[PDB]
>>> print(open('coords22.cif').read())   # mmCIF, C-alpha atoms and all ligand atoms
data_target
loop_
_atom_site.label_atom_id
_atom_site.label_comp_id
_atom_site.auth_asym_id
_atom_site.auth_seq_id
_atom_site.Cartn_x
_atom_site.Cartn_y
_atom_site.Cartn_z
CA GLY A 16 28.13 88.23 41.37
CA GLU A 17 26.24 91.17 42.95
CA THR A 18 27.94 94.49 42.08
CA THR A 19 25.02 96.92 42.67
CA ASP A 20 25.71 100.08 44.69
CA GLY A 21 24.31 100.08 48.24
CA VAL A 22 24.93 98.80 51.77
CA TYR A 23 25.77 95.13 52.41
CA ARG A 24 26.15 92.79 55.38
CA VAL A 25 29.47 90.90 55.86
CA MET A 26 28.65 87.33 57.10
CA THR A 27 30.57 84.20 58.30
CA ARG A 28 29.89 80.46 58.69
CA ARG A 29 33.09 79.69 60.81
CA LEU A 30 31.07 80.36 64.01
CA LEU A 31 27.61 78.87 65.02
CA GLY A 32 25.07 79.35 62.21
CA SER A 33 25.37 82.43 60.00
CA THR A 34 27.02 85.16 62.14
CA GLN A 35 27.15 88.81 60.90
CA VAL A 36 30.65 90.29 61.54
CA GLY A 37 30.22 93.69 59.86
CA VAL A 38 28.76 95.90 57.07
CA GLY A 39 30.20 97.61 53.96
CA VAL A 40 29.44 99.92 51.02
CA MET A 41 29.45 98.90 47.34
CA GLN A 42 30.13 101.97 45.14
CA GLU A 43 31.53 102.27 41.59
CA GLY A 44 32.22 98.51 41.58
CA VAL A 45 34.32 98.80 44.81
CA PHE A 46 33.50 97.21 48.19
CA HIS A 47 34.46 99.43 51.14
CA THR A 48 34.55 98.05 54.71
CA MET A 49 36.53 98.30 58.00
CA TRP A 50 39.76 96.22 58.36
CA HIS A 51 38.81 94.79 61.77
CA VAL A 52 35.68 93.17 60.18
CA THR A 53 37.46 91.02 57.49
CA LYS A 54 41.19 91.16 58.55
CA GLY A 55 42.01 91.69 54.83
CA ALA A 56 40.47 88.33 53.82
CA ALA A 57 38.79 87.63 50.45
CA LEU A 58 34.99 87.82 50.30
CA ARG A 59 32.30 85.91 48.36
CA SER A 60 29.40 87.64 46.53
CA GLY A 61 27.09 84.82 45.43
CA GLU A 62 29.35 82.94 43.01
CA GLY A 63 31.86 85.81 42.51
CA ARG A 64 34.97 86.61 44.56
CA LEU A 65 36.02 89.96 46.02
CA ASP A 66 39.81 90.21 46.48
CA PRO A 67 41.31 93.06 48.57
CA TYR A 68 43.00 95.95 46.69
CA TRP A 69 43.95 98.48 49.42
CA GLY A 70 44.09 98.34 53.22
CA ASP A 71 45.52 100.03 56.29
CA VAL A 72 45.25 98.88 59.97
CA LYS A 73 45.99 102.42 61.34
CA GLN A 74 43.05 103.93 59.39
CA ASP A 75 41.10 100.66 60.02
CA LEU A 76 39.86 100.58 56.37
CA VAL A 77 39.93 98.14 53.38
CA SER A 78 38.65 98.23 49.75
CA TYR A 79 37.93 95.26 47.41
CA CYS A 80 38.06 95.21 43.54
CA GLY A 81 39.54 98.70 43.34
CA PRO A 82 40.85 101.76 45.13
CA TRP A 83 38.84 103.68 47.80
CA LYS A 84 36.01 105.69 46.10
CA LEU A 85 34.25 107.48 48.99
CA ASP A 86 35.56 111.06 49.24
CA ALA A 87 32.72 113.09 50.87
CA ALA A 88 33.36 114.82 54.22
CA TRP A 89 31.35 116.06 57.24
CA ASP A 90 31.01 119.86 57.00
CA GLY A 91 31.47 120.21 60.79
CA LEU A 92 28.05 121.87 61.16
CA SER A 93 25.18 119.72 59.82
CA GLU A 94 23.35 116.72 61.28
CA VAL A 95 24.16 113.38 59.62
CA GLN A 96 22.43 109.99 59.35
CA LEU A 97 23.94 106.63 60.43
CA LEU A 98 22.48 104.02 57.99
CA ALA A 99 22.67 101.29 60.66
CA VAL A 100 22.51 97.67 59.46
CA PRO A 101 22.26 95.64 62.69
CA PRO A 102 22.72 91.86 63.01
CA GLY A 103 19.45 90.16 62.02
CA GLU A 104 17.56 93.46 61.73
CA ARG A 105 16.46 95.69 58.80
CA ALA A 106 18.55 98.72 57.58
CA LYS A 107 17.49 101.79 59.62
CA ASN A 108 18.43 105.54 59.21
CA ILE A 109 19.27 107.28 62.51
CA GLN A 110 19.81 111.03 62.47
CA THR A 111 22.30 112.62 64.91
CA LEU A 112 24.64 115.65 65.28
CA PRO A 113 28.24 114.46 65.46
CA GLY A 114 30.61 115.27 68.29
CA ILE A 115 34.42 115.61 67.98
CA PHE A 116 37.46 113.40 68.57
CA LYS A 117 40.28 115.89 69.22
CA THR A 118 43.62 114.25 68.23
CA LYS A 119 47.22 115.54 67.98
CA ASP A 120 46.82 115.16 64.15
CA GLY A 121 43.51 117.06 63.83
CA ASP A 122 39.79 116.85 64.70
CA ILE A 123 37.52 114.02 63.46
CA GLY A 124 33.71 113.86 63.62
CA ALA A 125 32.27 111.25 66.00
CA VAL A 126 28.80 109.61 66.27
CA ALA A 127 27.43 108.82 69.75
CA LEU A 128 25.27 105.77 68.94
CA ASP A 129 25.51 102.30 70.52
CA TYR A 130 24.79 99.32 68.16
CA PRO A 131 26.09 95.68 68.22
CA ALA A 132 29.76 95.16 67.18
CA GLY A 133 28.50 93.43 64.01
CA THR A 134 27.10 96.81 62.81
CA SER A 135 30.73 98.08 62.06
CA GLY A 136 31.10 99.30 58.47
CA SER A 137 27.63 100.97 58.35
CA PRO A 138 27.93 104.20 56.35
CA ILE A 139 27.35 107.72 57.70
CA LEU A 140 25.63 110.13 55.23
CA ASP A 141 25.27 113.83 54.48
CA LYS A 142 21.93 115.49 53.36
CA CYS A 143 22.79 114.66 49.67
CA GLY A 144 23.02 110.95 50.61
CA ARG A 145 26.81 110.90 50.02
CA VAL A 146 28.90 108.58 52.22
CA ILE A 147 31.08 110.73 54.48
CA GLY A 148 32.57 107.83 56.49
CA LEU A 149 32.12 104.48 58.24
CA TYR A 150 30.93 103.64 61.78
CA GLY A 151 32.64 101.13 64.04
CA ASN A 152 36.02 102.38 65.27
CA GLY A 153 36.06 104.48 68.37
CA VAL A 154 36.11 104.57 72.15
CA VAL A 155 34.04 103.67 75.27
CA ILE A 156 33.25 106.68 77.53
CA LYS A 157 32.70 107.10 81.39
CA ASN A 158 29.04 105.97 81.31
CA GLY A 159 29.89 102.72 79.41
CA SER A 160 28.37 103.96 76.12
CA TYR A 161 30.19 103.66 72.78
CA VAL A 162 31.30 106.62 70.61
CA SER A 163 32.58 105.72 67.11
CA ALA A 164 34.61 108.01 64.84
CA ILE A 165 33.41 109.04 61.36
CA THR A 166 36.21 107.07 59.57
CA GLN A 167 36.85 108.17 55.98
CA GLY A 168 39.48 107.11 53.39
CA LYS A 169 41.32 109.18 50.76
CA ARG A 170 40.20 108.96 47.09
CA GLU A 171 43.16 109.36 44.63
CA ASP B 50 34.93 82.06 54.11
CA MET B 51 33.12 85.36 54.44
CA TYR B 52 30.24 86.45 52.13
CA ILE B 53 28.23 89.63 51.37
CA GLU B 54 24.40 90.11 51.35
CA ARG B 55 22.62 93.35 50.17
CA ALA B 56 20.88 95.32 52.94
CA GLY B 57 19.50 98.40 51.11
CA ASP B 58 20.08 101.63 49.14
CA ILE B 59 22.22 104.54 50.37
CA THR B 60 19.69 107.40 50.67
CA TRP B 61 19.05 110.17 53.22
CA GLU B 62 15.59 109.51 54.76
CA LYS B 63 13.38 112.42 55.79
CA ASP B 64 11.63 111.97 59.14
CA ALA B 65 14.18 109.52 60.57
CA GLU B 66 14.60 108.82 64.35
CA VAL B 67 16.68 111.76 65.68
CA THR B 68 18.77 110.57 68.67
CA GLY B 69 22.27 110.69 70.25
CA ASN B 70 24.37 113.48 71.80
CA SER B 71 27.54 115.36 70.38
CA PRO B 72 30.46 114.89 72.85
CA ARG B 73 33.88 116.59 72.56
CA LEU B 74 36.49 113.96 73.47
CA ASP B 75 40.30 114.20 73.54
CA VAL B 76 41.56 110.92 71.98
CA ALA B 77 44.83 109.13 70.90
CA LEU B 78 45.17 106.78 67.89
CA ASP B 79 47.76 104.02 68.30
CA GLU B 80 49.72 102.15 65.56
CA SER B 81 47.17 99.27 65.71
CA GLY B 82 44.15 101.47 64.90
CA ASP B 83 42.84 101.58 68.48
CA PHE B 84 41.45 104.86 69.85
CA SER B 85 41.85 105.62 73.54
CA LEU B 86 40.57 108.45 75.77
CA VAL B 87 43.10 111.02 77.01
CA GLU B 88 41.06 112.38 79.98
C1 LIG A 201 31.92 97.86 73.80
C2 LIG A 201 31.44 98.11 72.40
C3 LIG A 201 30.11 98.53 72.17
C4 LIG A 201 29.68 98.74 70.88
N1 LIG A 201 28.39 99.14 70.62
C5 LIG A 201 30.59 98.54 69.80
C6 LIG A 201 30.26 98.76 68.45
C7 LIG A 201 31.18 98.55 67.47
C8 LIG A 201 32.46 98.12 67.78
CL1 LIG A 201 33.60 97.86 66.50
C9 LIG A 201 32.84 97.91 69.09
CL2 LIG A 201 34.46 97.39 69.44
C10 LIG A 201 31.90 98.11 70.13
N2 LIG A 201 32.31 97.91 71.43
#
>>> encode(input="coords22.cif", output="structure tokens")
Amino acid sequence: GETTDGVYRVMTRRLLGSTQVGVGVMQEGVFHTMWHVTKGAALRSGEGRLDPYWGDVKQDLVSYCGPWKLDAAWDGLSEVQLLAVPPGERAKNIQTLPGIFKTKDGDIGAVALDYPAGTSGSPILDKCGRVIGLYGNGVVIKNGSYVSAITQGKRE
Amino acid sequence: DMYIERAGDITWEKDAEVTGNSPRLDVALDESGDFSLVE
């Protein structure tokens, strides 16, 4: 059905009413979201059907209709914008300077912003508007606040 | 069954709300995709 580029909400009817479970990015005919949002399940786009194509629980990512397309990366210096799409609220750009998740396998950018769990899959953008990663997989720090990683996939 | 609904264009917006800090956190990623703090 709808295959236009942009940001989309991932919804469900299994729970009470229409509950938003996550967010995703349509780009080049491919839907990109986080694995924990859909659990690899097929999606509906109006009358059409989005079937998974690639997924990985470790990376917490999943693409529908084709391979992962988003290949931009945080430069490690510039401020970024979280295009937050919160449950029952309008899309809203929030500018921040990312922190760092230091891991044994390398450093990853991290965004210190606290939004409902149903916001997971919201894209993070560079100054060109290119998607550098997805929000929604991270850790809870000492003060109770949430810090998500900038999660990006690998384009072939 | 899950479904998708459009929420907007992907553009950088000038004069957006600038908020949030930049912490440096030592973390561990497990086989299930869960991050944990290594403090
Ligand atoms: C405790 C907490 C607080 C949040 N804002 C949050 C946002 C996204 C996701 Cl995926 C999770 Cl698990 C979250 N958990």
>>> residues_near_ligand(input="coords22.cif", ligand="ligand LIG 201 (chain A)", cutoff="6 Å", atoms="all atoms listed in the file", output="VMD selection string")
chain A and resid 129 to 132 135 151 to 152 161
>>> write_last_selection(input="coords22.cif", atoms="C-alpha atoms", output="short mmCIF file (atom, residue, chain, number, x, y, z; two decimals), in the frame of the given file")
data_model
loop_
_atom_site.label_atom_id
_atom_site.label_comp_id
_atom_site.auth_asym_id
_atom_site.auth_seq_id
_atom_site.Cartn_x
_atom_site.Cartn_y
_atom_site.Cartn_z
CA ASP A 129 25.51 102.30 70.52
CA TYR A 130 24.79 99.32 68.16
CA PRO A 131 26.09 95.68 68.22
CA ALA A 132 29.76 95.16 67.18
CA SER A 135 30.73 98.08 62.06
CA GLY A 151 32.64 101.13 64.04
CA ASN A 152 36.02 102.38 65.27
CA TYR A 161 30.19 103.66 72.78
#
>>> residues_around(input="coords22.cif", residues="range 52-66 of chain B", least_positions_apart="5", cutoff="10 Å", atoms="only C-alpha atoms", output="PyMOL selection string")
chain A and resi 17-28+35+37-42+46+57-65+95-101+104-111+138-146
>>> closest_residue(input="coords22.cif", among="B:77, B:82, B:68, B:50", to="residue 72 in chain A", atoms="only C-alpha atoms")
B:82
>>> residues_near_point(input="coords22.cif", point="(40.9, 113.7, 66.0)", cutoff="9 Å", atoms="only C-alpha atoms", output="PyMOL selection string")
(chain A and resi 115-125+164) or (chain B and resi 74-78)
>>> atom_distance(input="coords22.cif", atom1="CA of residue 82 in chain A", atom2="CA of residue 50 in chain A")
14.4 Å
>>> axis_aligned_box(input="coords22.cif", around="range 77-83 of chain B", padding_each_side="3 Å", output="lines of an AutoDock Vina configuration file")
center_x = 46.3
center_y = 104.2
center_z = 67.9
size_x = 12.9
size_y = 15.9
size_z = 12.0
>>> atom_distance(input="coords22.cif", atom1="CA of residue 43 in chain A", atom2="CA of residue 74 in chain A")
21.3 Å
>>> atom_distance(input="coords22.cif", atom1="CA of residue 75 in chain A", atom2="CA of residue 51 in chain A")
6.5 Å
>>> build_atoms(input="coords22.cif", residues="range 50-66 of chain B", atoms="N, CA, C and O atoms", output="short mmCIF file (atom, residue, chain, number, x, y, z; two decimals), keeping the file's coordinate frame")
data_model
loop_
_atom_site.label_atom_id
_atom_site.label_comp_id
_atom_site.auth_asym_id
_atom_site.auth_seq_id
_atom_site.Cartn_x
_atom_site.Cartn_y
_atom_site.Cartn_z
N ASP B 50 35.04 81.04 55.16
CA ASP B 50 34.93 82.06 54.11
C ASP B 50 33.79 83.04 54.39
O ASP B 50 32.67 82.64 54.71
N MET B 51 34.09 84.32 54.25
CA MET B 51 33.12 85.36 54.44
C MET B 51 32.37 85.64 53.15
O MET B 51 32.93 85.47 52.06
N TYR B 52 31.09 86.10 53.27
CA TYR B 52 30.24 86.45 52.13
C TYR B 52 29.45 87.75 52.35
O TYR B 52 29.25 88.16 53.48
N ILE B 53 29.01 88.40 51.26
CA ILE B 53 28.23 89.63 51.37
C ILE B 53 26.77 89.44 50.94
O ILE B 53 26.48 88.64 50.03
N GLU B 54 25.85 90.14 51.62
CA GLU B 54 24.40 90.11 51.35
C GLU B 54 23.86 91.56 51.32
O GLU B 54 24.11 92.31 52.25
N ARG B 55 23.13 91.97 50.26
CA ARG B 55 22.62 93.35 50.17
C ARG B 55 21.65 93.68 51.29
O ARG B 55 20.81 92.86 51.65
N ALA B 56 21.77 94.89 51.86
CA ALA B 56 20.88 95.32 52.94
C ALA B 56 20.08 96.60 52.64
O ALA B 56 19.28 96.99 53.46
N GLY B 57 20.27 97.21 51.47
CA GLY B 57 19.50 98.40 51.11
C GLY B 57 20.22 99.42 50.27
O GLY B 57 21.37 99.23 49.91
N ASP B 58 19.53 100.52 49.91
CA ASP B 58 20.08 101.63 49.14
C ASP B 58 20.71 102.65 50.07
O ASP B 58 20.29 102.75 51.23
N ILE B 59 21.63 103.48 49.56
CA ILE B 59 22.22 104.54 50.37
C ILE B 59 21.52 105.86 50.07
O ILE B 59 21.91 106.58 49.14
N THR B 60 20.47 106.17 50.83
CA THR B 60 19.69 107.40 50.67
C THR B 60 19.48 108.09 52.02
O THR B 60 19.42 107.43 53.06
N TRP B 61 19.32 109.41 52.00
CA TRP B 61 19.05 110.17 53.22
C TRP B 61 17.51 110.06 53.37
O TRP B 61 16.77 110.30 52.40
N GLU B 62 17.02 109.67 54.55
CA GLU B 62 15.59 109.51 54.76
C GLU B 62 14.98 110.60 55.60
O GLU B 62 15.37 110.76 56.76
N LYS B 63 14.03 111.36 55.04
CA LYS B 63 13.38 112.42 55.79
C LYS B 63 12.52 111.81 56.88
O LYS B 63 11.98 110.71 56.70
N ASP B 64 12.42 112.48 58.03
CA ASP B 64 11.63 111.97 59.14
C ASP B 64 12.20 110.66 59.69
O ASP B 64 11.48 109.67 59.83
N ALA B 65 13.49 110.66 59.98
CA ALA B 65 14.18 109.52 60.57
C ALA B 65 14.20 109.73 62.12
O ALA B 65 13.86 110.83 62.60
N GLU B 66 14.55 108.69 62.90
CA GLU B 66 14.60 108.82 64.35
C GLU B 66 15.82 109.65 64.75
O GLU B 66 16.95 109.22 64.56
#
